[PDB]
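**Student:**
There are 2 protein chains.
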Amino acid sequence: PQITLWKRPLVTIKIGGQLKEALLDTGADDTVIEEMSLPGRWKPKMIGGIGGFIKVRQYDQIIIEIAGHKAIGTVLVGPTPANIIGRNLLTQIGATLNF
Amino acid sequence: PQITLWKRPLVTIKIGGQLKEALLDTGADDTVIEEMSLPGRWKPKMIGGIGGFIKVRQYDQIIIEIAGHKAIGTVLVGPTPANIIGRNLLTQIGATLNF
Ligand SMILES: COc1ccc(S(=O)(=O)N(CC(C)C)C[C@@H](O)[C@H](Cc2ccccc2)NC(=O)O[C@H]2CO[C@H]3O[C@@H]4OCC[C@@H]4[C@H]32)cc1
Ligand SMILES: [Cl-]
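One line per chain: the protein sequences are A and B, in this order. The first sequence begins at 1 in PDB author numbering and counts up by one. The second sequence begins at 1 in PDB author numbering and counts up by one.
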């Protein structure tokens, strides 16, 4: 699809068998999701934005569907104000910016 | 152009007679630039992100040239760790996300 930017580019994702809403975010290197449970071991990461850094849990090789497109990759979990799909998964679904 | 997302989508902008590098950021409602002078009146605003909020100056009706494409709109100025072109200006240059 072609997503215009007059509104927030919110899509439905599926992770852990559950549907959630998330923002397609070209300004995010990484994908960050609100607190949830994911399987396996995690590694620490600190990520930074407007307002400062937060600590998150890094889970690798997680199966995630993004707007109906299948991806498998790294998901950071922590106290983000928004679920954001960053470039590590936008590249897996073949997304580009065009003007 | 078509911009892939393997790397950060950084572009050159011209704002207030200055050249800057900025990120094309579909996850940002608003355009946020590091400290600089702009003409006209302004009003204070708090904007959030990962890590919390920062205080910025909101300037309206600012002309920006983004990778060669001119646009007018609101610019927030303050202690952002990255110059960000948000949706308020991305719409004006006709940018879409495609997959
Ligand atoms: C290493 O991997 C990362 C590292 C950092 C980030 S991030 O979330 O800090 N961010 C990086 C960017 C600031 C350089 C991604 C942005 O797209 C965030 C994404 C974001 C969205 C919502 C809340 C937090 C973050 N947007 C954001 O800060 O927008 C600001 C400006 O306009 C407003 O719109 C947004 O909605 C209203 C609040 C924000 C305001 C993500 C993944
Ligand atoms: Cl062109």
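C-beta atoms are modelled at their ideal positions from N, C-alpha and C, and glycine is treated no differently.
Based on Cα-Cα distance, which residue from A/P9, A/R8, A/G86 lies nearest to A/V77?
**Tutor:** One-based indexing of the first sequence puts residue 77 of chain A at position 77. A/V77 has its Cα closest to that of A/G86, out of A/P9, A/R8, A/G86.
**Student:** Taking the alpha carbon of B/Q92 as the reference point, which residue from B/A67, B/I3, B/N83 has its own alpha carbon closest?
**Tutor:** On the second sequence, residue 92 of chain B is found 92 positions in, with the first residue counted as 1. Nearest option by C-alpha distance: B/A67.
**Student:** Assuming contact is defined by CB atoms lying nearer than 8 Å, are B/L97 and A/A22 in contact in what I supplied?
**Tutor:** Reading the second sequence from its first residue, position 97 is the one you call residue 97 of chain B. Reading the first sequence from its first residue, position 22 is the one you call residue 22 of chain A. Contact: no.
**Student:** Applying a beta-carbon distance threshold of less than 9 Å, which residues of chain B neighbour A/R57?
**Tutor:** In the first sequence, the residue the question calls residue 57 of chain A occupies position 57. Those do not exist, as A/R57 stays about 14 Å from chain B at its closest Cβ, beyond 9 Å.
**Student:** For B/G73, is the classification buried or exposed, using 16 other Cβ atoms within 10 angstroms of its Cβ as the cut-off for buried?
**Tutor:** Counting from 1 along the second sequence, the entry for residue 73 of chain B is found at position 73. Result: buried.
**Student:** Would a C-beta distance cut-off of 8 Å place B/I64 and B/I3 closer than the cut-off?
**Tutor:** Taking the first residue of the second sequence as position 1, residue 64 of chain B is located at position 64. Taking the first residue of the second sequence as position 1, residue 3 of chain B is located at position 3. Against a cut-off of 8 Å, the Cβ pair of B/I3 and B/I64 comes out as no contact.
**Student:** Could you tell me whether any non-hydrogen atom of ligand 2 is closer than 7 Å to the CB of B/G94?
**Tutor:** Within the second sequence, numbered from 1, the residue matching residue 94 of chain B stands at position 94. For ligand 2, not one heavy atom lies less than 7 Å from the Cβ of B/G94.
**Student:** Is A/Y59 closer than 8 Å to A/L90 when the C-beta atoms are compared?
**Tutor:** For the purposes of this step, residue 90 of chain A is taken as residue 90 along the first sequence, with counting starting at 1. For the purposes of this step, residue 59 of chain A is taken as residue 59 along the first sequence, with counting starting at 1. Cβ distance not < 8 Å, so A/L90 and A/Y59 don't count as in contact.
**Student:** Can you tell which of B/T31, B/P81, B/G51, B/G52 has its C-alpha closest to the C-alpha of B/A71?
**Tutor:** On the second sequence, position 71 is the one that residue 71 of chain B refers to. Checked all of B/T31, B/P81, B/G51, B/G52; the closest Cα to B/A71 is B/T31.
**Student:** Please tell me whether, using a cut-off of 7 Å, the distance from the CB of A/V77 to the nearest non-hydrogen atom of ligand 1 is below it.
**Tutor:** Numbered from 1 along the first sequence, position 77 holds the residue referred to as residue 77 of chain A. No, ligand 1 has no heavy atom inside 7 Å of this Cβ.
**Student:** Assuming B/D25 and A/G52 make a contact with CB atoms under 8 Å, what is their CB distance in whole Å?
**Tutor:** Counted from its first residue, the second sequence places residue 25 of chain B at position 25. Counted from its first residue, the first sequence places residue 52 of chain A at position 52. With a Cβ gap of about 18 Å, B/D25 and A/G52 do not count as contacting.
**Student:** Would you list, in chain order, the members of the segment 16 to 34 of chain B that have their beta-carbon closer than 9 Å to a beta-carbon of chain A?
**Tutor:** Against chain A - using a Cβ distance shorter than 9 Å - the residues of the segment 16 to 34 of chain B are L23, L24, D25, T26, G27, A28, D29, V32.
**Student:** Please determine, among B/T12, B/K55, B/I62, B/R8, the residue with the shortest C-alpha to C-alpha distance to A/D29.
**Tutor:** Mapped onto the first sequence, residue 29 of chain A falls at position 29. Considering only alpha carbons, the answer is B/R8.
**Student:** List the residues of chain A whose Cβ lies closer than 7 Å to the Cβ of B/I93, in chain order.
**Tutor:** Within the second sequence, the letter at position 93 stands for residue 93 of chain B. What B/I93 touches in chain A: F99.
**Student:** Does the beta-carbon of B/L23, which I'm using as the reference point, lie nearer than 7 Å to any heavy atom of ligand 1?
**Tutor:** What you label residue 23 of chain B is simply residue 23 of the second sequence in a count that begins at 1. Yes, the beta carbon of B/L23 sits closer than 7 Å to at least one heavy atom of ligand 1.
**Student:** On the three-state DSSP scale, how would you describe A/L89?
**Tutor:** On the first sequence, residue 89 of chain A is found 89 positions in, with the first residue counted as 1. A/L89: helix per DSSP, three-state reduction.
**Student:** What residues from chain A crowd round B/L5, counting only those whose CB sits closer than 8 Å?
**Tutor:** What you label residue 5 of chain B is simply residue 5 of the second sequence in a count that begins at 1. The contacting residues are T26, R87, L90, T91, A95, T96, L97.
**Student:** If we ignore side chains and look at the alpha-carbon of each, how far apart do B/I13 and B/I33 end up?
**Tutor:** Residue mapping note: residue 13 of chain B aligns to position 13 of the second sequence, counting from 1. Residue mapping note: residue 33 of chain B aligns to position 33 of the second sequence, counting from 1. Distance between the alpha carbons of B/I13 and B/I33 is about 11 Å.
**Student:** Quick check on DSSP: helix, strand or coil for B/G48?
**Tutor:** By one-based count along the second sequence, residue 48 of chain B stands at place 48. B/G48 falls in the strand class under three-state DSSP.
**Student:** Does any heavy atom of ligand 2 sit closer than 7 Å to the C-beta of A/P9?
**Tutor:** Taking the first residue of the first sequence as 1, we reach residue 9 of chain A at position 9. Result no, Cβ not under 7 Å from ligand 2.
**Student:** Ignore the nearest five residues each way along the sequence and tell me which others in B/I84's own chain have a CB closer than 7 Å to its CB.
**Tutor:** In the second sequence, the residue the question calls residue 84 of chain B occupies position 84. The residues are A22, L23, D25, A28, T31, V32.
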